[PDB]
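The chain below stands alone and is given in structure tokens; this is the form solved without 5-nitro-1H-benzotriazole.
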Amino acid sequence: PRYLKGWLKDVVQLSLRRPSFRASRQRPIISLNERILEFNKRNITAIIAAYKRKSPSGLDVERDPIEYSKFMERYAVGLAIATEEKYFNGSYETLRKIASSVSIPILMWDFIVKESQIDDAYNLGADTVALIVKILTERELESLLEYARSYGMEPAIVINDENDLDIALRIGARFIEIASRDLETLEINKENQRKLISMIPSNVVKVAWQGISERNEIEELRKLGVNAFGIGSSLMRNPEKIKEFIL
């Protein structure tokens, strides 16, 4: 990985050593970035709803996985299921049980730093993973991108500044998540986020991720070209908010 500080260094080291398994997957690959483009055409706001009980940023919610996920299946373009145990209280079991209950695309949210993690996601029933430009070396990032695609996934490439953007573009990203929160500090910067989103090339599906609590931020962002919105904390706290986000 790259030089990492603080809780990122910790979780990355955790992820390098986490156990992988031998398996066979069930449900076929249901493309998320493709489903985002269908929703765009159907003029349904595309929301990637995350299920995560905890988060470094302070989220703290106890909610049933299956009931949450069945409810969201009715509205969301896809689900982001946290599988990182220490900082998100997720697990491989949580992804597995959810991927079996629902028939929409599922993004495994974790710190993907080795190839056996992508085998895990595939075997667990995930349809894609996120790969983080700040965490991976450029040649790790290119390789894992290609490794995910070899399975039939299109990874979401997570960026934060124009430099993450040059790297993600250079190594052939087509599906990009612009984070509003710095992964290290967890400081939000929507002004820097909006700048990046305006910049993204026409040929790339883009996602505005983190810090959305209102339907009217979704609107102003839509005028920028935003294809989908990664929302978790607000939905974990009040899942009826999804009705707000999509109207």
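One-based numbering along the sequence shown.
In what follows, reference is made to the form solved in complex with 5-nitro-1H-benzotriazole, a form of this protein that is not presented.
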Original post:
Of 98-106, 80-88, 167-175, 143-151, which is the one stretch near 5-nitro-1H-benzotriazole in the bound PDB entry, taking non-hydrogen atoms within 4.5 angstroms as near?
Top reply: 80-88
Subject >> Contact of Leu196 with 5-nitro-1H-benzotriazole in the bound PDB entry (heavy atom, 4.5 Å) >> reply: no
Original post:
Might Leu32 be said to contact 5-nitro-1H-benzotriazole in the bound PDB entry, defining contact as any heavy atom within 4.5 Å?
Top reply: no
**OP:** Mark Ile47 yes when one of its heavy atoms lies within 4.5 Å of a heavy atom of 5-nitro-1H-benzotriazole in the bound PDB entry, and no otherwise.
**Re:** no
Original post:
At the 4.5 Å heavy atom threshold, is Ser69 in contact with 5-nitro-1H-benzotriazole in the bound PDB entry?
Top reply: no
Subject >> Sequence-ordered residues of 44-63 touching 5-nitro-1H-benzotriazole in the bound PDB entry, heavy atom within 4.5 Å >> reply: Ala50, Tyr51, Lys52
